[PDB]
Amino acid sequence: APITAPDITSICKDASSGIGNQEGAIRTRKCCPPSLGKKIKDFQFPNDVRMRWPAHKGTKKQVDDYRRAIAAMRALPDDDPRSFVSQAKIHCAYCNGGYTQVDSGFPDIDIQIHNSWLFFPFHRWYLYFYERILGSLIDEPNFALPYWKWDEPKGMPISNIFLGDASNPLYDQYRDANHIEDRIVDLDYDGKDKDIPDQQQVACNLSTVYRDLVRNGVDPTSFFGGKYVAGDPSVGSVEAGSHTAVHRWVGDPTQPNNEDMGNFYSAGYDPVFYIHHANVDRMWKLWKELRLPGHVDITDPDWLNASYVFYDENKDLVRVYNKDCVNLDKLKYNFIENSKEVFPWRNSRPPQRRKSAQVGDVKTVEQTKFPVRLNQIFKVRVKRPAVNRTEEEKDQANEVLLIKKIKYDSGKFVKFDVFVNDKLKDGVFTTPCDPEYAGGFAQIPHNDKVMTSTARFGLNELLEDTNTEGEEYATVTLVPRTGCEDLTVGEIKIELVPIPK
């Protein structure tokens, strides 16, 4: 029973999900696509590779092509599926409950590609057509999108090509003014700017990438997201991590729903949105090229046969499947990489905690009455499935912390941090990217006419970094950051997950 997008031209409705303040909304909620009376045809692969370039190291030609392309797209009539507005509505229609699972036999259930394993493949198809449309608008058959390389220090700030004023096609007034001044991106943003040096921000941005691709991105479930079929799946490490941070970091916090980037329904109206996801799409490639155990593609038929519908460069309706976007070579595009051998985030594992900087009585899961609400710092000891595991055992299965049944009002942005075994003496110098930090759970608004979620955290490296591989219990600390005044956690447990081959 795979998720199947219906006739987006026939069955569609106004966006009513993920919008806290529907009144005084800067962008439209009528995200339905144009009706050209088109028949949905099956997808077919292209022929001869599009090289996507770093937005911060683009040449005059590369930048001019992109600017001229967006300008051409902005020039098209709104009724055109290939227009700037129509393309932005695509994200709104799929992320803010524009369609339903009517094709699966459930017209009362909305389709939501986010917070599931449909996250990566959908946005890949989204960019694929969005990329080919722009290329056709400027008569560039080998046109390629840039990508925001925020995993590299010099590429972390927003590229100046997007800055300027309305004369620039890549400009968007609806961005955070405090963040467009050549300032470094915060890949662990929680709604409030941190008072740290630029050196520290870059160092911890690299750590965030390492945390999302290695520490937490241990298996297909933890990386892509939870299983989602027709009829509260886990959110991926990338999706609920660096990805969400950038959206809230760029979005203008003065606007009602943090438009444009700060919300799904309006994100498409900012040109940087597609360039951000261009690098999120690249995380998928890097995640595999690491060639670490567990870093494999999805093989579940329920995922492979899942499909969406898009307008292509020829205004034709095309149905694409997830099974046909695992190989970039077949889609005929890739990313221009640096000559340097390794990636600066490749070894950005948090430093080992000194025992001399560490020092007790905390309730366990049995002694605690669930569900608990995260209106303050919450601590609890969780029984581990094993202790003193050998290098062979830790290389065969991941010890994963599971925070399940996360209930909360998804009318606004929510985030809380997760610390494990934080027994630091009270005179120690702390940093954002400390070893105790397991990561966080962040969610862009996606409410429906209180949402429930689940998080996953790897402990293989963390327990070693905190000198607690021999301890029977692990002290888990949940720290609310924003929108947790009503958040509720239903279950907490640690389990050994075998690494798939």
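The numbering used is simple: start at 1 and walk along the sequence shown.
Undergrad: Checking the other PDB entries with both flanking residues built, is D186 absent in a third or more?
TA: In none of the comparable entries (those modelling both sides of it) is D186 left without coordinates.
Undergrad: Hey, does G262 show up as a hole in at least a third of the other compared models?
TA: No, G262 is modelled in every other compared entry.
Undergrad: Counting only residues that lack coordinates, how big is the gap in the deposited sequence between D48 and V49? Pick none, 1 to 3, 4 to 9 or 10 or more.
TA: In the record, 1 to 3 residues between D48 and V49 lack coordinates.
Undergrad: Answer with none, 1 to 3, 4 to 9, or 10 or more: how many deposited residues between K449 and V450 are not present in the coordinates.
TA: Gap between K449 and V450: 1 to 3 unmodelled residues.
Undergrad: Mean CA temperature factor from the deposited coordinates, higher in 472 to 480 or in 56 to 64?
TA: Per the PDB record, 56 to 64.
Undergrad: Please work out which of 259 to 267 and 369 to 377 has the higher mean CA B-factor as recorded in the PDB entry.
TA: Per the PDB record, 369 to 377.
Undergrad: Using the temperature factors in the entry, find which of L213, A245, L206, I109 has the highest value at its Cα atom.
TA: Result of the comparison over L213, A245, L206, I109: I109.
Undergrad: Which of these, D302, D281, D151, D190, has its C-alpha atom at the highest B-factor, as the entry lists it?
TA: Each of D302, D281, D151, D190 was compared by C-alpha B-factor; the highest is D302.
Undergrad: Within this chain, which third does the Cα B-factor at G226 fall in: lowest, middle or highest?
TA: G226: CA B-factor falls in the middle third of its chain.
Undergrad: In terms of the chain's CA B-factor thirds, is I26 lowest, middle or highest?
TA: Its C-alpha B-factor, which the entry lists for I26, ranks in the highest third among residues of this chain.
Undergrad: Going by the recorded CA B-factors, say which third of the chain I158 sits in, lowest, middle or highest.
TA: Ranked within chain, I158 CA B lands in the lowest tercile.
Undergrad: Split the chain's modelled residues into thirds by Cα B-factor; is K285 in the lowest, middle or highest one?
TA: Within its chain, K285 is a lowest-third residue by C-alpha B-factor, going by the deposited values.
Undergrad: Which third of the chain holds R354 when residues are ordered by C-alpha B factor: lowest, middle or highest?
TA: According to the entry, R354 has a C-alpha B-factor in the chain's lowest third.
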